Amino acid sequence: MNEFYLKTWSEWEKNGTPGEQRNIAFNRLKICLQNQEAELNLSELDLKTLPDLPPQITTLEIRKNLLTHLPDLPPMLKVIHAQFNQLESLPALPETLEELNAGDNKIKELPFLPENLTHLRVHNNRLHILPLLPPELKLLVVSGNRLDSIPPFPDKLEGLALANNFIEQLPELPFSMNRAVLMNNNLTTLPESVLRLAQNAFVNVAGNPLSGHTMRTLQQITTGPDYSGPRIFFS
């Protein structure tokens, strides 16, 4: 609708390599802006770049493309699905963002995580460190990265997945946690708070070099007659 966005998009449409489905994307961009739709879906279009995005969208669906960077993210966005690209970084994240999935990319470092974020999935990236975790986070997935440590967990976090990293020490776990996927890290002990999770919580610590003293401590408590902590899988 806006003439300035149309000119930018028509030039972008003409500037793609033969595999990219830019004509479909160009038509979707126009219709998104014209009808002020909440979602823009450019997923599975073999795209190598994106142009300026329609500023009113609240959901950005761009999974399964060939993107290496993203343009500026519009300031109403609440959900971004950018998994299965070739991303090396993310731009600054909108304050409105609640759900981000950027798994299966090549990201080495993340930007600041905004205050309202509830779901973060960045499995299968190249992360060597994580930013601090915001207060309302409920789900954190960082499996398959290069992490040596993980920052303190906020007190509403319910799901954690960090399998296949290099983490040596696990911070104390909040009672809100009901699922901890911890396999194949470098842990030699577990924080005592793991034994205080709800009886129906699930913890898997297989593949960590847990010490003899840790194993004797865990065997004593989890096999005691009055144990009401989580089920802990060692294999």
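Numbers for residues come from their place in the sequence shown, where the first is 1.
Original post:
Taking the recorded C-alpha temperature factors, which stretch has the higher mean, 61-69 or 32-40?
Top reply: Mean B over CA atoms: larger for 32-40.
Original post:
For the stretches 11-19 and 209-217, which has the higher mean C-alpha B-factor as given in the deposited record?
Top reply: The entry gives the higher C-alpha B-factor average to 11-19.
Original post:
Looking at 167, 181, 45, 194, which has the biggest Cα B factor in the entry?
Top reply: Max CA B-factor in the entry, restricted to 167, 181, 45, 194: 45.
Original post:
Considering only 144, 91, 103, 75, which residue's Cα atom bears the greatest B-factor as recorded?
Top reply: Answer, based on the entry's C-alpha B-factors: 75.
Subject >> Relative C-alpha B-factor of residue 187, binned into the chain's lowest, middle or highest third >> reply: It falls in the bottom third of the chain.
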